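Trainee: sequence? don't have it. structure:
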């Protein structure tokens, strides 16, 4: 069945964001995650346990140097909200990495009907 | 007996609205209530103590995500006034939840002859 025990789980506002940090040093991410969780959960009025953060442990090459990227896999919020989230993530990373570092933030939409928790979709 | 102590109680313009907030995060409602009271009491020229606000504590499921809803139980005002009220509530919720979030506002009429205060009806 569905999960009607956990508060506010199926709200449209609860985009269930999974943040994936690529081409970013581990210590930066470790410092970032607590402050990002504080700011995003407030901004989106979403439970703190609705977010997941992943450091991706791969090796990158690009001519001119590799820039950091955060992929956000989520159910979607309207463009204006998405824009604000991108701005929060960028601003926090700039604090640790430079006000002109060139962060990419990319949102990838997941379908609620293709996301299953304990065998039942959203 | 009727209540002829409290000012303006039986005016037709005093619809005695009870607002019920469903599928909305508690922190949002907590923030919304004082500003909504200010705006609605001004708009309707109604005493501030004529409004009640309730956060409903249930769990919701909908395919595609659950959208917030405000139920207004009241004696009724004319269509054009009802429309303005719906627009105020919507605009204030958008400021906290997003300018493209999808709020439902539903008005439910109560009969004055079925509403008793201290054992006497309106």
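Mentor: Yep, that arrived. Residues are numbered from 1 along each chain as shown, chains lettered A, B, ... in the order given.
Trainee: which residues are contacting stretch A:20-28?
Mentor: A:29, A:32, A:53-56, A:58, A:60, A:66-73, A:93, A:96-97 (C-beta atoms under 8 Å, 6 or more residues apart in numbering or on different chains). Every residue, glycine included, has its C-beta placed from N, CA and C.
Trainee: can you flag which of those belong to strands?
Mentor: Mapping these onto strands (DSSP state E) picks out A:53-55, A:69-73.
Trainee: residues from chain A in reach of chain B?
Mentor: Applying C-beta under 8 Å from any C-beta of the partner chain, we find that chain A lies next to chain B at A:2, A:4-5, A:7-14, A:45-46, A:75, A:77-81, A:112-113, A:122.
Trainee: now the buried members of the residues you listed.
Mentor: A:8-14, A:45-46, A:75, A:77, A:81, A:112, A:122 (16 or more other C-beta atoms under 10 Å in any protein chain shown).
Trainee: quick one on the thing from earlier: just the buried subset of the ones in strands among the contacts of stretch A:20-28, written out for PyMOL, thanks.
Mentor: Burial among those is assessed by 16+ other C-beta under 10 Å; the matching PyMOL selection reads:
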select buried, chain A and resi 53+55+69+70+71+72+73
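Trainee: which residue packs closest to the residue of chain A found nearest chain B, ignoring adjacent ones?
Mentor: Going by C-beta to the nearest C-beta, chain B is nearest to residue A:12 of chain A, at 3.1 Å. Closest residue to residue A:12 apart from its sequence neighbours, by C-beta to C-beta, 6 or more residues apart in numbering or on different chains: residue B:65 at 3.1 Å.
Trainee: ok, now how distant is the one you found from residue A:75?
Mentor: According to C-beta to C-beta, to the nearest Å, residue B:65 stands 7 Å off from residue A:75.
Trainee: again, but for residue A:61
Mentor: Residue A:61 is 33 Å from residue A:75, by C-beta to C-beta.
Trainee: ok now do residue A:56, which residues does it touch?
Mentor: Here residue A:56 is in contact with A:20-22 (C-beta under 8 Å, 6+ apart).
Trainee: would TSV of those residues with secondary structure and neighbour count be doable?
Mentor: Shown next, in TSV, are the contacts of residue A:56 (DSSP: H, G, I helix; E, B strand; the rest coil; neighbours: other C-beta atoms under 10 Å in any protein chain shown):
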residue	secondary structure	neighbour count
A:20	strand	16
A:21	strand	22
A:22	strand	19
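Trainee: including distance to residue A:118, could those residues go into a markdown table?
Mentor: Shown next, in a markdown table, are the contacts of residue A:56 (distance: C-beta to C-beta, whole Å):
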| residue | distance to residue A:118 |
| --- | --- |
| A:20 | 23 |
| A:21 | 27 |
| A:22 | 29 |
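Trainee: show me the residues of chain A next to chain B that map onto helices.
Mentor: A:79-81 (DSSP state H).
Trainee: and the residue nearest the centre of chain A, what element?
Mentor: Centre of chain A computed as the mean C-alpha position; nearest residue by C-alpha atoms, centre = their mean is residue A:19, 3.0 Å away. Assigned by DSSP states H and E, residue A:19 belongs to strand A:18-22.
Trainee: angle of that strand against strand A:69-74?
Mentor: Interaxial angle, strand A:18-22 versus strand A:69-74 (axes from the mean of the first three to the mean of the last three C-alpha atoms, to 10 degrees): 160 degrees.
Trainee: paired strands for strand A:18-22, with orientation please.
Mentor: Partners of strand A:18-22 in the sheet, by DSSP bridges, are strand A:52-55 (parallel), strand A:69-74 (antiparallel).
Trainee: out of the ones you listed, the one nearest residue A:117 is which?
Mentor: strand A:52-55 (12.8 Å; C-beta to C-beta).
Trainee: fine by me, we can end here.
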